[PDB]
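Novice: Have a look at this one before I ask anything.
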Amino acid sequence: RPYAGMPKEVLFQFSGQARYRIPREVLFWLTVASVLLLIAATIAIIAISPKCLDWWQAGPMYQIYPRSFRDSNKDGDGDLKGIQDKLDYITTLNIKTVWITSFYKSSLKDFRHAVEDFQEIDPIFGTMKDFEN
Amino acid sequence: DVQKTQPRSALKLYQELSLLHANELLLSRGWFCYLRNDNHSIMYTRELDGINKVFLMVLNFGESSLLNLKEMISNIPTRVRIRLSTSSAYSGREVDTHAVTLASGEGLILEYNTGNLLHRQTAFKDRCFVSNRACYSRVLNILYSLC
Amino acid sequence: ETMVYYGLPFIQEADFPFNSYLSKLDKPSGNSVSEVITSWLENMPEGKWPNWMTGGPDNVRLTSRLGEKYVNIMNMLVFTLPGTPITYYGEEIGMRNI
Amino acid sequence: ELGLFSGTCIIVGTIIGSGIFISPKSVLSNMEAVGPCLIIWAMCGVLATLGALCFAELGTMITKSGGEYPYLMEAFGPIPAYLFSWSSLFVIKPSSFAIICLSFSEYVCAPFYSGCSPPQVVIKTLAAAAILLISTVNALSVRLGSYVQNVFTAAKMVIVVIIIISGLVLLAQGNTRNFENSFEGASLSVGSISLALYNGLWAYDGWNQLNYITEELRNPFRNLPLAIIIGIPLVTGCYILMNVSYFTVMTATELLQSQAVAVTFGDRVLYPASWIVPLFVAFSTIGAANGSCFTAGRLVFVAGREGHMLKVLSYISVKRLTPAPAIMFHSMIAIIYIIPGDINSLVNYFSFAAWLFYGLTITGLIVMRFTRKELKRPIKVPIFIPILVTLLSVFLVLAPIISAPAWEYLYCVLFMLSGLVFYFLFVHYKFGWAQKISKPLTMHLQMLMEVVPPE
Ligand SMILES: CCCCCCCC/C=C\CCCCCCCC(=O)O[C@H](COC(=O)CCCCCCCCCCCCCCC)COP(=O)([O-])OCC[N+](C)(C)C
Ligand SMILES: CC(C)CCC[C@@H](C)[C@H]1CC[C@H]2[C@@H]3CC=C4C[C@@H](O)CC[C@]4(C)[C@H]3CC[C@]12C
Ligand SMILES: CC(C)CCC[C@@H](C)[C@H]1CC[C@H]2[C@@H]3CC=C4C[C@@H](O)CC[C@]4(C)[C@H]3CC[C@]12C
């Protein structure tokens, strides 16, 4: 009766109920219960996962005094071109943030400051394009 | 140039600490329980829930000392591994909790395994600090904020 | 007055005000350092982020304030405390004042 | 019938898929510079045209229903034809289904993890829930297979022009800082160039299954090599005009940070409605997966005649005319692929096995054209295009293993040779006991899954 090659009408006798009917719907409803239990599990993991740390909470800062870090053009005062040359040294400390103190066009470089233009780099530190590089 | 060739220098230790602080997941978002401290010594632990490993920093700001940690922490085994040291002589040497000595400016990062964390107890809820609490899941390998 | 810069739960402000209280220690004692740590962490609001700054351009460098024997113990301190460690240039090699 | 304009509109929509949204990160992490990684999309874009042209030859002269299984039967004998039927059932087709569904959860869960990478458990639990849902819908119904296809290819092209138009407008405003000093750190090496051709060519996957269109083409022989040499070269031009639109907005250092490249782009350029990119890309990526599951029952039928693969796999269910045993076996192998590996370790594993059989095919093109076969071929390609595709593919299959060896290649070579063992012990020798393990298996499966032989 099996006769493995089996067209439509013959196997409908066997596949009716005998033993192979209850596994079909119990396995079909298993894959359906799981599909909505994996999209339910991923929502439950995205919700309970806490926000990751921002860049200012993740790693140390490194405060640079720009007039004393690295001089490029032999004038005796450090500048923004010399800070850029040493950026490969700063990444061997695993620094995340480079904090550069004030470099604006100043008439007094101490006593908390005296800025002549809040949108210019002081000549001794470079030019506005040295900052963009 | 000189300090990055020497084996035990301030620059060499600084590159070991900022690397340890970068990828540990226990230093970045672990609890901070500040155990008691007499003058001339500071002790605090960093611990997370599902990590099953705590750090213990013992920093000596005094003259010198031979301090017994088994009475103070009450959570520590009798043999702990030194994850880092300021004098750098203790690269991976293990020490005895009964008698540890600190030479006037010595700091150790002791590291051991335990299931009894200090912040879960009741006597330490007054002296543990965390910004955003988050427990760890070993099977999922994720942080989760529900615990 | 410093902790007001952290903001309120509904009005946001500075991400953190810079903690310069470690830069004030002139004598390396255990209770002098312990007082700075617990004073910042208990006064801070709930879900905020601490930071530890052990030097600046406006104070004597660490090697001249405490001594060369305390350069290493002081970097291990601010890197294992909760929050962001802020380093001043030349404090990783142990510079000193001229 | 379909004209020449439609003769390309089917092929161009076929080539552009979810590869252009995932590969840029991987081709750039090996070129290291904006300049060279722009010539890779052209170099592999041309290499995909000579491939599809050579496949037009075999598609016209053999003229059989089988996709590529005939072309290896006609040239080399029965062992490469079987060895391809073996790998295209355990390696090529399942892993290409796992990369498309691994790349759909990178785009659904990237917005909810803004600023950082999502955990591996989230992008696998969401991929395993897409494979089971895509393979269950395509087994219960056929109308729902083609119901959402024409809409899913609309969202695919809506985004492709939004990224291009935006990346061109921004180029007029002078945002040229990124490719100003290109080629400066280019790490050209047989190690990197090969591994970067894998990821670039995966975005062209779908050029071999392009021969079916000749049946409805108005004038096939005159127009198909034309619809190919103007259709795919139109797509590679739409890739470098889309990979340029990435570097116009963001830098080479921020690209490697995110796996979902187009999500990083929509936040930077389309802030009022930036959710449009992760929503539309999730549409197209789940539409390209629908196309893979449809063709799973195709090759097993043609290989089921020659007694190479088991004949039960081609059986159709009676209630719904869908190849149920072919599908639920095609996806069950994919679930076992998303568990160990991730996208980058699977594009290498896929483009390795797929490219040796891509080579053996077009070498059989010349070998049959050189000595063995003298039958007439309607359209003829020059001799210099196939010798290039084989000399290129022999570099693609053999350079990665020696220069950048990995554990992914080992499991790929062990799979085919395992099928080579199944050749002699199951089909070549025809042992007596070998039969009595098959016969009770097939109809019991037929008994349990109510499936029926097709004809
Ligand atoms: C076809 C289209 C498919 C979808 C496309 C994309 C759709 C979305 C498109 C676009 C995204 C739209 C903008 C979203 C902005 C961010 C919103 C946000 O964070 O809300 C959260 C809501 O809280 C939650 O719990 C959100 C749960 C999200 C579940 C996602 C669906 C998973 C299954 C998809 C279907 C799979 C079907 C597979 C079979 C087909 C905030 O909650 P929180 O607690 O404040 O923060 C917790 C998380 N962090 C931030 C801490 C990390
Ligand atoms: C069809 C019915 C009967 C069974 C379905 C079982 C499915 C839903 C189960 C079986 C094994 C499971 C996987 C087991 C392990 C992993 C690795 C983990 O990092 C992410 C989840 C993932 C990938 C699981 C996804 C769900 C999974 C594929
Ligand atoms: C099939 C396509 C054309 C349908 C989408 C049409 C609309 C929504 C698209 C087409 C071109 C798009 C513009 C392309 C470029 C820019 C410049 C960018 O700095 C801001 C967004 C802006 C201004 C886009 C806004 C949305 C836009 C107008």
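Novice: Which of the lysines could be linked to residue C:48 by a straight reach, that is with a Cα gap under 17 Å, when you skip same-chain ones fewer than 8 residues away?
Specialist: List returned: A:51.
Novice: Between segment D:205-271 and segment D:90-139, what is the separation of their alpha carbon centroids in Å?
Specialist: 21
Novice: Pick from A:45, A:83, A:95 the residue whose mean-square fluctuation is largest in a GNM of chain A, springs joining Cα atoms under 10 Å.
Specialist: Result: A:45 has the largest fluctuation of those listed.
Novice: 5 Å is the cut-off here: which amide hydrogens, built 1.01 Å from N in the peptide plane, fall below it relative to residue B:83, excluding neighbours closer than 5 in sequence?
Specialist: The list, which skips near neighbours in sequence, is B:109, B:110, B:111.
Novice: Report the gain in length on full extension from residue D:240 to residue D:404: 0.36 nm times residue separation, minus Cα-Cα distance, nm rounded to one decimal.
Specialist: On the way: separation 164, 0.36 × 164 = 59.04 nm, distance 2.68 nm.
Length gained between residue D:240 and residue D:404: 56.4 nm.
Novice: Shielding of A:2-9 by partners, i.e. mean partner chain Cβ atoms within 10 Å per residue?
Specialist: On the way: counts 7, 2, 13, 8, 8, 3, 4, 2.
So the per-residue partner count for this stretch is 6.
Novice: Sticking with this structure for a sec: Which of the three applies to the protein assembly as shown, rounded, prolate or oblate, going by the alpha-carbon gyration tensor with a ≥ b ≥ c and a/c under 1.5 meaning rounded? Don't skip to the end; give the middle numbers.
Specialist: Numbers: a/c = 2.52, a/b = 1.77, b/c = 1.42.
Taking the square roots of the gyration eigenvalues as a ≥ b ≥ c, the protein assembly as shown is prolate.
Novice: With +1 assigned to the C-beta of every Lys and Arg and -1 to the C-beta of every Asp and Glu, and no other charges, what is the dipole magnitude of the protein assembly as shown about the Cα centre in debye, to the nearest 20? Each step should come with its number before you reach the end.
Specialist: Values: 64 positive and 59 negative charges, 686 e Å.
With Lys and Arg at +1 and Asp and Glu at -1, about 3300 debye.
Novice: Enter the mean number of other protein chain beta carbons within 10 Å of the beta carbon of each residue in C:66-72, as an integer. Present the calculation step by step, with values, prior to reporting the outcome.
Specialist: Numbers: counts 2, 1, 2, 5, 4, 6, 14.
Shielding by partners across C:66-72 averages 5.
Novice: Here is a further query. Output the lone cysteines of chain D: those with no second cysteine's C-beta under 4.7 Å from their C-beta.
Specialist: D:9, D:37, D:44, D:54, D:101, D:109, D:238, D:293, D:412
Novice: If you rank D:293, D:116 by fewest surrounding Cβ atoms within 10 Å, what's the result?
Specialist: Working: D:293 24, D:116 13.
The fewest-first ordering by Cβ neighbours comes to D:116, D:293.
Novice: Nearest 10 degrees is fine. How inclined is helix D:36-61 to the longest principal axis of chain D, computing both from alpha carbons?
Specialist: 30
Novice: Still on this structure: Please report how many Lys pairs in chain D have alpha carbons closer than 21 angstrom, counting only residues at least 8 apart along the chain or sitting on separate chains.
Specialist: 14
Novice: Round to the nearest 0.05 the FRET efficiency obtained for residue D:42 and residue D:275 when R0 = 41 Å and r is the Cβ-Cβ distance. Before the final figure, lay out each step's value.
Specialist: Details: r = 32 Å, r/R0 = 0.79.
Approximately 0.80, to the nearest 0.05.
Novice: What ³J(HN,Hα) values, in whole Hz, does the Karplus curve 6.51 cos²θ - 1.76 cosθ + 1.60 give for segment D:127-144 when θ = phi - 60°, with x put for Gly and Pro?
Specialist: Each residue's phi maps through the Karplus curve to give 6, 5, 7, 8, 5, 6, 7, 6, 7, 7, 4, 6, 9, 7, 9, 10, 4, 5 Hz.
Novice: Which of the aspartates and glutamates could be linked to residue C:24 by a straight reach, that is with a Cα gap under 13 Å, when you skip same-chain ones fewer than 8 residues away?
Specialist: C:35, C:58
Novice: Please compute the modelled spin-label separation between residue D:209 and residue A:112, points set 7 Å along Cα→Cβ, answer in nm with one decimal.
Specialist: Distance between the two pseudo-spin positions: 7.2 nm.
Novice: Moving on to the next point. Could you tally the net charge around residue D:52, taking each other residue with its Cβ under 15 Å from the Cβ of residue D:52, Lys/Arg +1 and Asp/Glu -1?
Specialist: For residues surrounding residue D:52, the net value is -3.
Novice: Further question on the same structure: So what's the angle, to the nearest 10 degrees on a 0 to 90 scale, between helix C:30-43 and the longest Cα principal axis of chain C?
Specialist: 20
Novice: Shifting gears a bit: Looking only at GluC sites (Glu not before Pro) in DSSP loops with at most 10 other Cβ atoms within 10 Å, what is the longest site-free stretch of chain C? It would help to have the intermediate numbers written out before the result.
Specialist: On the way: sites that count: C:1, C:46.
Answer from the scan: C:47-98.
Novice: Would you calculate a helix-derived [θ] at 222 nm for chain D, using -39,500 (n - 2.57) for each DSSP H run of n ≥ 4 and dividing by the full residue count, to the nearest 500? Mind dumping the intermediate values first?
Specialist: Working: 22 runs with 306 residues, N = 455.
Per the formula, -21500 deg cm²/dmol.
Novice: Quick query: amide H of residue C:52 versus all other amide H atoms, modeled in the peptide plane; which residues come in under 5 Å with a sequence gap of 5 or more or a different chain?
Specialist: C:84, C:86
Novice: Go ahead and run the numbers for FRET between residue D:438 and residue A:10, Cβ-Cβ distance against an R0 of 22 Å, rounding to 0.05.
Specialist: Plugging the Cβ-Cβ distance into 1/(1 + (r/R0)^6) gives 0.70.
Novice: Go ahead and set up a Gaussian network model of chain A, Cα springs under 10 Å, then flag whichever of A:66, A:123, A:23 fluctuates most.
Specialist: Checking each option, the largest mean-square fluctuation is seen for A:23.
Novice: Let's see if you can work this out: charge +1 on each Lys and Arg Cβ, -1 on each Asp and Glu Cβ, no other charges. What is the dipole magnitude of segment D:4-452 about its Cα centre, in debye to the nearest 20?
Specialist: On the way: 24 positive and 17 negative charges, 294 e Å.
Roughly 1420 debye, rounded to the nearest 20.
Novice: Could I ask something else about it? Tell me the label-point distance for the pair residue C:59, residue C:24, using the 7 Å Cα-to-Cβ offset, in nm and rounded to one decimal.
Specialist: 0.8
Novice: Something else: What list of ³J(HN,Hα) values in whole Hz, one per residue of segment D:436-447 in order, does the Karplus curve 6.51 cos²θ - 1.76 cosθ + 1.60 (θ = phi - 60°) give from phi, with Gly and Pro shown as x?
Specialist: Once rounded to whole Hz, the list reads 6, 8, 8, 3, x, 6, 5, 7, 4, 4, 4, 5.
Novice: Straight-line reach from residue B:12: which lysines fall under 21 Å, measuring Cα to Cα and dropping same-chain residues less than 8 apart?
Specialist: A:86, A:96, B:4, C:69
Novice: If the elastic network links every pair of Cα atoms under 10 Å, which of A:103, A:28, A:69 fluctuates the most in the Gaussian network model of chain A?
Specialist: A:28
Novice: Once both labels are modelled 7 Å past Cα along the beta-carbon direction, what's the residue B:124-residue D:431 spacing in nm?
Specialist: 6.3
Novice: Still on this structure, I have one more. Going 7 Å from the Cα of residue D:189 along its beta-carbon direction, which residues of segment D:386-401 have the amide nitrogen within less than 18 Å of the resulting point?
Specialist: Those under the cut-off are D:396, D:398-401.
Novice: Taking the Cβ-Cβ separation of residue B:114 and residue D:345 as r and a Förster radius of 30 Å, what is the calculated FRET efficiency to the nearest 0.05?
Specialist: Numbers: r = 36 Å, r/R0 = 1.21.
For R0 = 30 Å, the calculated efficiency reads 0.25.
No lab work stands behind these numbers, since they all come straight from the coordinates. Every residue, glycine among them, receives a Cβ derived from its backbone with ideal geometry; neighbour counts consider all protein chains shown.
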